[PDB]
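Asker: Next one to model:
(chains A and B)
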Amino acid sequence: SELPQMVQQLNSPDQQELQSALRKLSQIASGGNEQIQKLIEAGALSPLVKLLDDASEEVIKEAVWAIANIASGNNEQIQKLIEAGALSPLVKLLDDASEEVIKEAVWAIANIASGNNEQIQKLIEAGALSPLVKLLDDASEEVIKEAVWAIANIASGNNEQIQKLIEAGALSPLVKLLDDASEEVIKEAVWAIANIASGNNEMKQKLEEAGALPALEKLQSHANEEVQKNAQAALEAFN
Amino acid sequence: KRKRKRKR
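Answerer: Residues are numbered from 1 along each chain as shown, chains lettered A, B, ... in the order given. Find the structure here:
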């Protein structure tokens, strides 16, 4: 309702008033693309991004949650988020002290990567690939779950982007994730590998060298029917 | 090829 005042309250020194504005803003950000558009028209994005460079970890956590929800908008809305300078503060956050902040920053990056190839290129230029690949082994299964999703979306980009992903060393941790304890992680890793398997013969050669083929074949004896099917589809996409 | 939003 009173969006410009809430956007103004995003600059309030009073943290109670700020968090009150952040909660209202976040509820709008998760209300779909028409609601996200209202946040954009109210000039919410720049003040929102500015909060990623804040003293309070909780304010950062709340602002990234809202950014992740805005990043789930259409390609034009994702573009407005990039223009507001969201990429650099998000990439810096992949090395943050808080695991919950990392999870949300990876979630935001995964949503940005679900946009067009120009927006995937913007993530690559902001240097998202190296810290994302680094996160493919970082303790938390929930963090890995976010990181694989981001990488799978990046892997659906053009051949130059897939090559950039391979250069950042994505293949060895992805192949190891085909034998991860979590079934959801396996499915995600298969999706990422199937996207890499889609494209030119140079990328297919790289997957074969990484050991994706026996790892995909081992999944043909997995208890889950959907995992077997996706692994077979990934091997078909390779042949 | 497959792109997907991460939703909750």
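Asker: can you list the residues of chain A near chain B?
Answerer: Neighbours of chain B within chain A, by CB under 8 Å from any CB of the partner chain: A:68, A:72, A:107, A:110-111, A:113-114, A:146, A:149-150, A:152-153, A:156, A:191, A:194-195, A:198. C-beta here means a position set from N, CA and C on the backbone, and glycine is covered the same way.
Asker: does the most centrally placed residue in chain A belong to a helix or a strand, and which?
Answerer: In chain A, the C-alpha nearest the mean C-alpha coordinate belongs to residue A:110, at 1.7 Å (CA atoms, centre = their mean). When elements are assigned from DSSP states H and E, residue A:110 belongs to helix A:99-112.
Asker: Surely the residue nearest to the centre of chain A is in contact with residue A:153?
Answerer: Yes - the pair formed by residue A:110 and residue A:153 meets the contact definition of CB atoms under 8 Å, at 5.9 Å.
Asker: related to what we said a few turns ago, could you point out which element follows the helix holding residue A:110?
Answerer: helix A:117-125.
Asker: which helices and strands does that next one pack with?
Answerer: helix A:75-83, helix A:99-112, helix A:141-155, helix A:159-167 (3 or more CB pairs under 8 Å, 6 or more residues apart in numbering or on different chains; DSSP states H and E).
Asker: helices or strands up against the helix or strand just after the first one?
Answerer: Note on helix A:75-83: by DSSP H and E, the next helix or strand toward the C-terminus is helix A:87-92. In this structure, helix A:87-92 makes packing contacts with helix A:99-112, judged by 3+ CB pairs under 8 Å, 6+ apart.
Asker: Just want the angle from the helix it packs on to helix A:75-83.
Answerer: For helix A:99-112 against helix A:75-83, the angle by axes from the mean of the first three to the mean of the last three CA atoms, to 10 degrees is 130 degrees.
Asker: Flag every buried residue along helix A:99-112.
Answerer: A:100-112 (16 or more other CB atoms under 10 Å in any protein chain shown).
Asker: cool, and stretch A:148-162?
Answerer: Buried-residue list, stretch A:148-162, by 16+ other CB under 10 Å: A:148-157, A:161-162.
Asker: which residues sit in contact with residue A:177?
Answerer: With contacts taken as CB atoms under 8 Å, 6 or more residues apart in numbering or on different chains, residue A:177 has the following neighbours: A:136, A:144, A:148, A:185-186, A:188-189.
Asker: same check, this time on residue A:149
Answerer: Counting by CB under 8 Å, 6+ apart, residue A:149 has contacts A:106, A:110, A:188, B:4, B:6.
Asker: so the last one makes contact with residue A:104?
Answerer: No - no contact is recorded between residue B:6 and residue A:104 when judged using CB under 8 Å, the distance being 10.4 Å.
Asker: The residue nearest the centre of chain B and chain A: what is the separation?
Answerer: The centroid of chain B falls nearest to residue B:4 when counting by CA atoms, centre = their mean (1.5 Å). Separation of residue B:4 from chain A (CB to the nearest CB, to the nearest Å) stands at 6 Å.
Asker: ok, the nearest residue to that residue once chain neighbours are set aside - contacts?
Answerer: Among residues not flanking residue B:4 along the chain, residue A:114 sits closest, at 6.0 Å (CB to CB, 6 or more residues apart in numbering or on different chains). Shown in contact with residue A:114 (CB under 8 Å, 6+ apart): A:72, A:153, B:3-6.
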